[PDB]
Structure formats: C-alpha cells, structure tokens
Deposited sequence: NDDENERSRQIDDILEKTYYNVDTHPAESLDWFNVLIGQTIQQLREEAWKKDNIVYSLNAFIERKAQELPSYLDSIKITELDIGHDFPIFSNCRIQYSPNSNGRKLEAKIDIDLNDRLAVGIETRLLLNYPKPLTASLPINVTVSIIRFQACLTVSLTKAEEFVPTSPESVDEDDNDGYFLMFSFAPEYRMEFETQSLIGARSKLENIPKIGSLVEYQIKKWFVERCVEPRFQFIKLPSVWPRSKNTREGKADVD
C-alpha cells in the first residue's frame, strides 16, 4: 500500500536527504578491494586455474566459433597491475520501484592492461578439406573499463532467475552505457600484418561484451547470496 513511508523512516534516521546529500568518496573501499585483488594476484598458480577454466568456457562455446577458424586456445594471461577506482556514491530511489527500494549508484573506472594470449588455427580447404592451418598466437587486451554500478542488499522475490532462493543477497548491475576499450596484436611482430589478427581481436571483444551484457548489464542483475555477519564462535579467531 504505502510501504514507502516506512521507506523514508530509513532516510530520516540515517540523515540522508537523498537529493541534497552530496556524493561520497569511497576511497577506503578502493583500498580494501585493492588489497584483496593484490592478494588474489599473488597466488602464481592461480592463473593456470583461470586459463583452464577459460578454455573450458571456450570448449562449451565451441559451436559459436566462426567458420574460417579451426581452433582457439588460451596460452598466456595477464591479470593486470592496477586497481579499480570506485567514486561518486549516490543513494537513490531504485528506478523505478515507486519508492519501495533504495539503491546506491557508484562510478567505477579501471585503467590497466588485462591480456590473453590466444593460439589460433585457421580452417582451410587446401590441400584437403577441413585442414587446420599453422598456429599463430594473438594477444588480445582490455585497457580501460569505465561504468556505472547500482548496488543494494535485498531479499529478492521481486526478481526472477533467467537461466538455471531464500535468504539475503548482494544485488548489483551496470548501466548499459559502459566503456570497455580493447587493443589487439600478434605475439611475434613479424606476423603483425596477418589477415585474421583483427578478426580474432573483434571476435574476443564481441564474446566478452556478450558474456558481460548477459550477466551484469541492466535489465540483468547479479544476485549473490550473503552469509550472516552475526557473531558466532565457530567464526572466532585471534592473533
């Protein structure tokens, strides 16, 4: 009926005008997340675990591989050396729930080199039909990711899973107008003028953007189940 009045209670009791209130810097979060990301990156063996799974993804998606190509395979992978900057955090009425729900809008900007080495073979018809050409390693890269991210912690039941719950979730999503800049080149440098190098670059860019839009871009949300932060002794540690 009129939950929203209940909804304001929140705003009034947390000193958030929600219009007048200025945006907030979020820098401490940049730092904590940066710390976990550097931890994540310092496990060297991890990249192999990642490359294995990315090749699993490609195997599952093999039928979507263009006809001129015999095979694609990730051989090397760069996870970068820079961190994602979150900024400009605004609370707004989620657009649009008729004031039922509150969400945070956040700016995100990542300037780094993330790269994949891709061993590539062509599907030729000479001398025999269905001949796999000699391999050629192509490095494909992302060099900037800028986006806007709405976040909230809800119970769901207002949102239905697309392709195959009780509890509380982190709901997040990106506005469809995101910037994701790619860059493409041969591994060798004498191979740089080969015909299919940009073809590969654009394939990969396409797929990555498609994966992304299918999972995180409005009107699609990620719904990630949260644990209780209630103090329990089985979670107690010291040092």
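Unmodelled regions of the deposited sequence, numbered from residue 1: 1-4, 169-175, 251-255.
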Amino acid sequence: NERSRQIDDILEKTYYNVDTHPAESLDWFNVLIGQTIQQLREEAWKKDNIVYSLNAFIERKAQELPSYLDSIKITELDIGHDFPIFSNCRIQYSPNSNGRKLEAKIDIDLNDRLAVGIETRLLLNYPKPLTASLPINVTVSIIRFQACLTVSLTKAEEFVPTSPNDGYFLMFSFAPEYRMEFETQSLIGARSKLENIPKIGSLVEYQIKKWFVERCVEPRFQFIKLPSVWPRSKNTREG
From here on, numbers count along this sequence of modelled residues.
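Look at the mean CA B-factor for 29-37 and for 46-54 in the entry; the higher one is 46-54. Stretches compared: 105-113, 92-100. Higher mean C-alpha B-factor in the entry: 92-100. In this entry, the residue among 137, 162, 125, 146 with the greatest C-alpha B factor is 162. Note on 201, 66, 176, 189: the highest value goes to 189, judged by CA B factor as recorded. Annotation for residue 156: C-alpha temperature factor in the highest third relative to the rest of the modelled chain, per the entry.
The deposited CA B-factor of residue 231 belongs to the lowest third of values across its chain.
Remark: residue 80 belongs to the middle third of its chain, ranked by C-alpha B-factor as recorded. Residue 18: CA B factor in the highest third of modelled residues in this chain (values from the PDB entry).
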